[PDB]
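What follows is a set of notes on a single structure, which appears directly below.
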Amino acid sequence: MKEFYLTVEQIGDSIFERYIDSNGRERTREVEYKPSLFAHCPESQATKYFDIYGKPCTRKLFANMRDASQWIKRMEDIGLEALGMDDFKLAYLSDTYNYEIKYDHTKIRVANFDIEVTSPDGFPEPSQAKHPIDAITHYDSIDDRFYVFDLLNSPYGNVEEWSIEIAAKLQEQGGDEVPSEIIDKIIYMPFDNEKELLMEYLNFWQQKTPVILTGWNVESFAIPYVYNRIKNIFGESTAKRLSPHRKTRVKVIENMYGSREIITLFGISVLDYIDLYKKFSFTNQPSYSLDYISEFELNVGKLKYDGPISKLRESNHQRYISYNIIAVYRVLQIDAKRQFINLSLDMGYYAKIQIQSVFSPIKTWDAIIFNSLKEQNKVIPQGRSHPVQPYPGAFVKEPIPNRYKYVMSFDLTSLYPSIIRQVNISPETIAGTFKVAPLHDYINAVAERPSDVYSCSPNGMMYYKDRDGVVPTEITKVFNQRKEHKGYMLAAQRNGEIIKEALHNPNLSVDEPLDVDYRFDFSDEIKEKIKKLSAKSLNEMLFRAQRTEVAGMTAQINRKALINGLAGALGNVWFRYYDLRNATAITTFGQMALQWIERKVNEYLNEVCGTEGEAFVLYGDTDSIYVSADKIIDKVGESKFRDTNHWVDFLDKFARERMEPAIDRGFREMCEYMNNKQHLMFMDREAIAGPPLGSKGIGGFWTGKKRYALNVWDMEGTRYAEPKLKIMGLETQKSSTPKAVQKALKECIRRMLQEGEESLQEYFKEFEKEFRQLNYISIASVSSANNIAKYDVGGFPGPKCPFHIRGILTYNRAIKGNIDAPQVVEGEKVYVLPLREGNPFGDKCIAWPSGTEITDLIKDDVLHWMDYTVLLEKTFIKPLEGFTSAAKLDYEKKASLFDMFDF
DNA sequence: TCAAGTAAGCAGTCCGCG
DNA sequence: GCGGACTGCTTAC
Ligand SMILES: O=c1ccn([C@H]2C[C@H](O)[C@@H](COP(=O)(O)NP(=O)(O)OP(=O)(O)O)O2)c(=O)[nH]1
Ligand SMILES: [Mn+2]
Ligand SMILES: [Mn+2]
Ligand SMILES: [Mn+2]
Ligand SMILES: [Mn+2]
Ligand SMILES: [Mn+2]
C-alpha cells in the first residue's frame, strides 16, 4: 500500500514523524530536515523557481531548521522578502508525500477515553490534580475494546469489584443497562492502589499509543488531569511518557475574557469531541454536558443516579464504573452518526496538515495553496503584518413586515466561491483597476462597462481572464466535493419522504428492510417494493435513510464552510494571501448580483402577469430572493386548484420552466457586463410556501431583516409528506429561549401559518392557563457566563452588570460555604430564572450551570420564588406580540361591539 | 511563527425626564 | 414609564 503520515512534529532541528509504511505497519522516525526558503534574484539568474507574480527566485538550502529561522530574521532586518513555507513541518509533509494521500483509517489508532476522580471538596482542578483518579475507560479503535481501569481502594472509600453481569442487566432489574453490543468488548482491570493503576495505564499507553485522541472535554480536563496526577506521583519525566517523543508543553489558550492551560502532547493529535461538535455540528446548544448532547443526538435517556457524583463511587460503585464505560461509548455513538472523525481525517490528509489543524481554515488553506503552487515550482510569498480594517459585506433588503400568503424563494449556489471562480479572484490574477460608479448604477445597468478586456468586480478591481488563479483552482476542487455530497444528502432526504408516505399505510407482515443505497433516488421497482413493506421494516429503512442524510450533511456543510472560509480568510490579517481588494471584490459583487437579479425578477414577473411596477421580490439576504407568488396564483385561481399539492406542482413547474430561464438570462447579461471569466451565478428554486388550500392559515410572515417564518411544502425538490415550518431568526431558533417556550411559540407559529387566527387564540389561552405547571428547567432562559469577575464587586453586581451575570452572583452568594455546590465556570452556559420581590436570595434573578438540576440546597427556594409572570411576559408574550403585530392579527380577542350573550 | 468574514435583531443597563 | 445610546449575546448569511 501507499504510505501516509499519522503525526508530524518539529523539535529543534528534528522532524519527528509517526507514519504507516508500505506494509501497513506503524513506524516512527526522527529526520534532520533540510528546509529551503527563497529570495528574489536578478533576471540574469537562471532558475526554475518563480514567485506567484512570475518574479525569479533563488533557492536557499539550509543545513538545519534553526539556520533557516535565523535567515528569516536577518532578511527582515535587511528589509527584503523571505519567501517559501516557514512552517517547516508542512514543507516536510509536502516533500515526503509528493502525491495525493490515500489513507486507510483501519490502520490509524483512534482512542476515546474518560476518567473519574472523586472529589469531596469541589471541582477537581487538573493543574493541581490533588485527588486520585479512580476510574479510566479507554476505547481503542484498532482493538475495538473498552479497557477499564478500576480503583478499588482509595482515601475516599474501599469498594468491591465491578460486576459485568449486573452491568448488562436492565435498570428496572437493578442493573446498569450497559448496551449489550459492547459487553463482549469490555476488558476489566481492578487495582488495589492508584500507583499500580497509573503505571499499568502508562505501559498500556506505550503499547497502544493513540494517534487521534478524543473524548469529551479530554483537552481541558482528562489529559491535563492525568498528566499532572502522574507528574505529582511519579515525577515529570514519567508523565512525559504520554508523549511518544517524550516531549510536552503546557500551552496557554487565550480569548477575550481570560486564559486556560492545556497540555500539548507531541506526537499525538488531540481532537476533543466537544470541539469537533462545536465546529462541525452547526448547532448552538443550551448545554454541552455529554448527557445533554447524547440525549439530543441519539435520543437515549438520562443516566439516572441518586445523590451527587462526588458520592456516587462510595454509594454505588457498580453504577459509577458502568457510567464511565457508557460515557466512552456515547462519544463513539455520536461519531457513528455525525462522522466528524472521518471528516477531520479526510480534510487533514487532503490539505497535508497535522490532523488537529482542521480547526484552522487559515492553516488548512495555507497548506492546500502551498502544495498546489509547489507542484508548479512556484514560491509562496512571505507572511506580512497588516492592521485590522473593517470592510463591507453583504446586502440585506428591508422587508415590509406583514403576512405573506404564497412565497417562492431562490438562492445562489455557493455564492462567494462561485464569485471567486466567475471573476477569477486570486492574489496573482490581479490585472488593474477601473474607475468605480455608484453601485446602484451597476445594479441598474447604467454605468459604463468596466472593461472590454478584463474580468471585473464593481469594487473597481480587474482580473486576468486567460489563466486560472490558484485560489479559483483550489476552491473549485473542494466545491466539487461539496456538490457531490449535497447530492447524496438530498437524495437521502427525498428517499426519507417516500418512506414516510409508505408509513401512512402498512401493511402487516414479517419481512426485511430492503438493501438499498440511500444516496441515490429509489427506482420505481424499489418504490413498489416499499409499498408492500411492514412498519418495522419501513421504520428501519427510515432510520437508515436519515443516517445517510446526516452523513451527507456533515460532508457537504463543512466543505461549504471550508470554501466560504477561504473567501473570509482574504479578510483576515493573518492569512498569507490577505487582501481587502480581493475580499471586497467578492462582497461587492455579491451585493450587485442580489440587487441586479431582484430587478430582473420584478421585471419578468410584471411582464408575464401583464402588469407594470408591482413588487414581487419581498425580501433577500446576501444571495437569496423571496418572491410573493400571490399574483401568480391569482392570475390562475383559486379555485382552479384541486388540492394543496396541485398549486405546489404548479409553482414548481412555473419556477423551473419560466422563472429559472429568465433568472439565467439575467445573470448571463450581468456576466457580460462585468466581462467575467465564467458564468457561475446559478440560482436554484428553494422553498415553496403557503397555507393548506381551503384553510385560514396565513402561509408566512416577516417581522424584519433575518426574522421570518414560512409553511413549506417543497424545499429544493424535496416534496414533504407533511408541511415543514421554516423559521429563521425568531425566538424559536435561539438557544437562549426556554425549551418549553420554543415549543409553544413554534405551535403558535404553526397555527398562524396553517390554521389561522382563531386557532392561535385557542392555543394561547391554554398555554397561558397551564404555563405555571411546566418543569422549571423547561422554562428557564439560557445565557453564556462571560466576564463574571468584571462585574463582581464584593459578591454583588457592579455597574452595567448584565441580567444573567447578576443571576450568577445571586447563586454564588447563595452557595457560599458549601464545597459541594457546582461552581459557575467562566464562559460556560447558565440557566436563568427571575425571582419575585422579597425573596431570600436578595435579588431579582438567579442563574446556575446549564444542563443541570439546581443544587438541592436552594432548589426548593428557587421553585418557590420563581416569577412566572415575568417569565411569561419576557420569553413568550413579548416575542409572540412581535410575530402577531407583523402578521396583522391578535393572539387575544380583542374587545368589540359584539357584547351580547354569545353563550 | 498560533490566527475565515460582515449584517443585524433583541434584551438588558443607564440615564434623562418639571 | 419610554426612548435613546450603549453593551452583550446571538443568529442569518
Ligand atoms: O458561515 C457563512 C455563511 C455564509 N457566508 C456568506 C458566503 C456564502 O457564499 C454567502 C451565501 O450564504 P448561503 O447560506 O446562501 N450559503 P452558500 O451560497 O455559500 O451555499 P448554498 O446556498 O449553495 O448551500 O454568505 C459566509 O461568509 N459564512
Ligand atoms: Mn478485594
Ligand atoms: Mn465520566
Ligand atoms: Mn447560497
Ligand atoms: Mn441551493
Ligand atoms: Mn443564501
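Every chain is numbered from 1, with letters handed out A, B, ... down the list of sequences. Every heavy atom of this structure was used, including side-chain atoms; hydrogens, water molecules and symmetry mates were not.
With rounding to whole Å, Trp365(A) atom CH2 is found 13 Å from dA4(B) atom P. Taking atom NE2 of residue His804(A) and atom P of nucleotide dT10(C), one finds them 7 Å apart after rounding to whole Å. Atom CG of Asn284(A) is separated from atom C1' of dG9(B) by 16 Å (rounded to the nearest Å). Distance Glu731(A) CD to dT10(C) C1': 11 Å, rounded to the nearest Å. Residue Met347(A) contributes atom CE, which lies 12 Å from atom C1' of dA4(B) at whole-angstrom precision. Summarising the geometry, the separation between CD on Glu873(A) and P on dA11(B) is reported as 10 Å, rounded to the nearest angstrom. Between the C1' atom of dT7(C) and the OH atom of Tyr257(A) lies a distance of 12 Å, rounded to the nearest Å. Atom pair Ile727(A):CD1 and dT11(C):P shows a separation of 14 Å (rounding to whole Å applied).
Nucleotides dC10(B) and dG3(C), compared at atom P, are 15 Å apart to the nearest Å. For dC2(C) and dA11(B), the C1' atoms lie 15 Å apart once the distance is rounded to whole Å. One P atom belongs to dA4(B), the other to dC9(C), and the distance between them is 22 Å to the nearest Å. Of the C1' atoms belonging to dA3(B) and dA12(C), the separation is 24 Å, rounded to the nearest Å.
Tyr619(A) has its ring centre less than 6.0 Å from the ring centre of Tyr708(A). Checked against the 6.0 Å centroid threshold, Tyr626(A) and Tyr404(A) do not count as a close aromatic pair.
By the 4.0 Å N-to-carboxylate-O rule, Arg576(A) lies too far from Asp87(A) to be salt-bridged with it. A salt bridge does not link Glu731(A) to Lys746(A): none of the charged nitrogens lies less than 4.0 Å from a carboxylate oxygen. In this structure, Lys726(A) does not pair ionically with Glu686(A), as no charged nitrogen and carboxylate oxygen lie closer than 4.0 Å. In this structure, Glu826(A) does not pair ionically with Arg260(A), as no charged nitrogen and carboxylate oxygen lie closer than 4.0 Å.
Taking side-chain N and O atoms only, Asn572(A) has a distance below 4.0 Å to OP1 or OP2 of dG5(B). At the phosphate of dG5(B), neither OP1 nor OP2 sits under 4.0 Å from any side-chain N or O atom of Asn564(A). The side chain of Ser784(A) contributes an N or O atom lying less than 4.0 Å from OP1 or OP2 of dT10(C). Considering only side-chain N and O atoms, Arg707(A) lies under 4.0 angstrom from the phosphate OP1 or OP2 of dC10(B).
Candidate nucleotides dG8(C), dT6(B), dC10(B) were compared by shortest atom distance to the side chain of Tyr391(A), and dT6(B) ranks first. For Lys829(A), counting side-chain heavy atoms from C-beta on, the closest listed nucleotide (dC9(C), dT10(C), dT1(B)) is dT10(C). Of all nucleotides listed (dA3(B), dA12(C), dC9(C)), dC9(C) comes nearest to the side chain of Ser783(A). The side chain of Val396(A) approaches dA7(B) more closely than any other nucleotide in the set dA7(B), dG5(B), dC9(C). Of the candidates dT11(C), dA7(B), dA4(B), the closest approach to any side-chain atom of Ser735(A) belongs to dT11(C). Comparing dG9(B), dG12(B), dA12(C) against the side chain of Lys874(A) picks out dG12(B) as the nearest.
Against DNA chain C, the stretch residues 789-800 of chain A makes heavy-atom approaches under 4.0 Å through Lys790(A), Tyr791(A).
Stacking annotation: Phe803(A) is not stacked on the base of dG12(B) (requires ring centroids less than 5.5 angstrom apart and an interplanar angle below 30 degrees).
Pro392(A) comes within 4.0 angstrom of the backbone, heavy atoms only, and of no base. Across all strands, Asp86(A) comes closer than 4.0 Å to base atoms (heavy-atom distances). No engagement by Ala567(A) is indicated, since no non-hydrogen atom pair under 4.0 Å with the nucleic acid exists. Contact annotation for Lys844(A): backbone-only contact, meaning every heavy-atom pair under 4.0 Å involves sugar-phosphate atoms and none involves a base. Contact annotation for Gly704(A): no contact, since no heavy-atom pair falls under 4.0 Å across all strands. Among the heavy atoms of the strands lying under 4.0 Å from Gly568(A) is at least one base atom, whether or not backbone atoms are also near. Note on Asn787(A): nothing from the nucleic acid sits closer than 4.0 angstrom, heavy atoms only.
A positive value of the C1'-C2'-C3'-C4' torsion places the sugar of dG12(B) in the northern pucker family. Judged by the sign of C1'-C2'-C3'-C4', the furanose ring of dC9(C) adopts a south, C2'-endo-like conformation. For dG9(B), classification of the furanose by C1'-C2'-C3'-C4' yields a south pucker, on the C2'-endo side.
Summary of the strand contacts: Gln733(A) and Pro802(A) both lie near DNA chain C, and taking for each the nucleotide with the nearest heavy atom, the more 5' one is attributed to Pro802(A).
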Next item on the list: Take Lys73(A) and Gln70(A) through the test side-chain hydrogen bond (donor to acceptor under 3.5 Å, both in side chains) and record every step on the way to the result.
Entry: CA-CA 5 Å; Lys73(A) 167 141 188 171; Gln70(A) 298 283 65; over 6 Å; no
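For the pair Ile430(A) and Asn582(A), the minimum side-chain heavy-atom distance is below 4.5 Å.
Annotation for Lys397(A): atom NZ counts as buried by contact number, over 12 foreign heavy atoms lying within 6.0 Å.
The aromatic rings of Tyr92(A) and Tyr33(A) sit perpendicular to each other, their planes meeting at more than 60°, with 30° as the lower class boundary.
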